[PDB]
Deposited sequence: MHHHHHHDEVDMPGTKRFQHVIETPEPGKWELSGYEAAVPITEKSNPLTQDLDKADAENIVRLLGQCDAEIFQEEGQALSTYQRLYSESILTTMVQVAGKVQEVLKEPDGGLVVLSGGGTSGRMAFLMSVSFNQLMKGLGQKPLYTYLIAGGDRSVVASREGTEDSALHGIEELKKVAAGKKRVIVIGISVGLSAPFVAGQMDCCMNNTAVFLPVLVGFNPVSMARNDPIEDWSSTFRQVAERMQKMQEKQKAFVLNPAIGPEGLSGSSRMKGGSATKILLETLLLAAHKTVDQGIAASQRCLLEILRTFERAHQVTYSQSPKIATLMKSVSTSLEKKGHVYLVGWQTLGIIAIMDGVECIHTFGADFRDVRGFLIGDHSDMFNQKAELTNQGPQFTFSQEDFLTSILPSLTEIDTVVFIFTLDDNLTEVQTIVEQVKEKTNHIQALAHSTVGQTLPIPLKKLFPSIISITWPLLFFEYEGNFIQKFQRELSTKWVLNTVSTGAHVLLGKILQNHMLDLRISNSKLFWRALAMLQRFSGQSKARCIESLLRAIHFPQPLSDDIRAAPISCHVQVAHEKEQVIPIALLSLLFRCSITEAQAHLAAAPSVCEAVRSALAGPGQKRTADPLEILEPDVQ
């Protein structure tokens, strides 16, 4: 029938009480699951939220139980990390014609960029030619932009890959898709498998391959699941690899910028760093070298969340500035500045937030005076300003900007990293009375830029800002249980996530949910057969431009009413959240 080709794969809504027994829940990919720790996230206070997310993050390092899914510390996964470290090594022995590409969409794409810089530094630091590069869905502009729509073309992914792999002779392509989901990556991996003489694909993500995405891609014949299954068959001959530990669901359902982005770093930094540090000792990489690094990353979580109360307070200040109608500026230096930009930008799509609401800044890339001349004027009593630096940064540039900002703001706080027994110049550096000082043990590093210290600090800052930005919005009532209902449908995955939320919250059939959704999207046009049959991109392109699509669809369904009736009901409610929550009641 019209639409059956498109919606066939969608599992029917189970009957009340049978969600587990239908086998429905066993088929939700881990990355889209509701984290049971965060059932009541929308009720947690700020200190709870910090605990609940610290806990969710901790699951990255939890070990496999005794019938179960492989995790990061499982032997299958470390063995795969080892073999890949090895394959990277061959390339490092033969830089001529060699390349190593790190590729993802969205936050995977961001993560790729960072890491390609770090390992390019490291090779430059040694005066070797840089061998790394990155690819992001939608080109380089995508690194610091909210561009959720660009991940849906496999041909695009391949094109980018063709550009960068020039007339290289040996290319390692690390495709990063947390949900094993992005069409952008699926095409790169598939292309690699067709030219093994040159390419070596390594796929990274956090679902078992049996939960890899399996709906059709518009410009491609195979599905992610098929590609990933074929790569696993090739692994037995070491010509592809799949690195896919379970890290448990995100604290905000399907918010893979969080754990998914973190685990990507942990996993890839570890492996590549092992590869470099063990070539120049003419020793193979071993699980023991990897483990040293992983455990260090695991400490860094402990270190990071021991500052939980200060993190909860900063969350409260960010939430107030937004509760009023102010803005939040994240001011940081080198790499941690970039991370700050990445966080803020991600709030646009992740929470429907305007780009001013939580904005990032590197010293988007505004120099010292430039920030003071341009952005200093725009500040206000209600705003918040977060400063993010190490003690190694150039603190004369820092004190200035804070001195000045102090006057116009007062809600400032800071995030400062430091090797133990560095001191904070100005004993009056209060300024920040109750700083978030993150003091790092002395670790033994041989490489020149002390890369493990960089990685430590990056990740720790990422954890802090993610927990803050995310928590500040939950506090404003904008999340439902542990789901962001009122998202903007800007790609196919998000279209599927919406439909799932309509089934979950209404309990009504897949045909009703699909119909209500397509009516909400295309209103004031009725449902023709063409529309029912249209490719998911047609729906996305049109929903992408509208507001409250999902909440309208749900109300239509709950009130068993038309889109005309549901809209009018919304506009007659105090707020979207009250409309929905009380309709659900």
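Against the full deposited sequence, the model leaves out several stretches, namely 1 to 11, 78 to 79, 377 to 395, 618 to 636.
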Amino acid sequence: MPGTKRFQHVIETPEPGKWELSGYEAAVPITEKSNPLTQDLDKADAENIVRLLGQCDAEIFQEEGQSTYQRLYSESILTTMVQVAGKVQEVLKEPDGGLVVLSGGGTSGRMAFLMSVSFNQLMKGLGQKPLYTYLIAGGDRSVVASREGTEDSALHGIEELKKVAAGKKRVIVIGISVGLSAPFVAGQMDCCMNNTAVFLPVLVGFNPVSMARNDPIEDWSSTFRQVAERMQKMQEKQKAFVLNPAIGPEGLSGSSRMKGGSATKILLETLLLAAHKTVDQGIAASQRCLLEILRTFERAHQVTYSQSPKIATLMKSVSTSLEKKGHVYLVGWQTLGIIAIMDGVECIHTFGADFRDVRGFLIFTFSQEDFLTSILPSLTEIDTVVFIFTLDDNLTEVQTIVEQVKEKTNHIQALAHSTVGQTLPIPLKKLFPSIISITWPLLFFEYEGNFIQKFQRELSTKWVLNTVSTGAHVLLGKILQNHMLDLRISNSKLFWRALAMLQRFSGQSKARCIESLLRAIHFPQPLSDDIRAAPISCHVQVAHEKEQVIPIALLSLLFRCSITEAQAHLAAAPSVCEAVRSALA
From here on, numbers count along this sequence of modelled residues.
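Here the rigid core means the biggest group of C-alpha atoms that line up within 1.5 Å when the two forms are laid on top of each other.
Superposing on the core and measuring CA offsets in 7 other deposited structures of this protein, the stretch of 423 to 431 and 230 to 238 with the greater mean deviation is 423 to 431. Here the stretch with the larger average CA B-factor, out of 287 to 295 and 203 to 211, is 287 to 295. In this crystal structure, the stretch out of 312 to 320 and 172 to 180 whose C-alpha atoms carry the higher mean B factor is 312 to 320. Between the residues 406, 156, 147, 504, the entry's highest C-alpha temperature factor is the one at 406. In this entry, the residue among 82, 217, 363, 227 with the greatest C-alpha B factor is 363. Per the deposited record, the Cα B-factor of residue 95 falls in the highest third when ranked against the other modelled residues of its chain.
Per the deposited record, the Cα B-factor of residue 27 falls in the lowest third when ranked against the other modelled residues of its chain. When the modelled residues of the chain are ordered by their C-alpha B factor, residue 268 lands in the lowest third. Remark: residue 161 belongs to the middle third of its chain, ranked by C-alpha B-factor as recorded. The PDB entry assigns residue 447 a C-alpha temperature factor belonging to the highest third of its chain's modelled residues.
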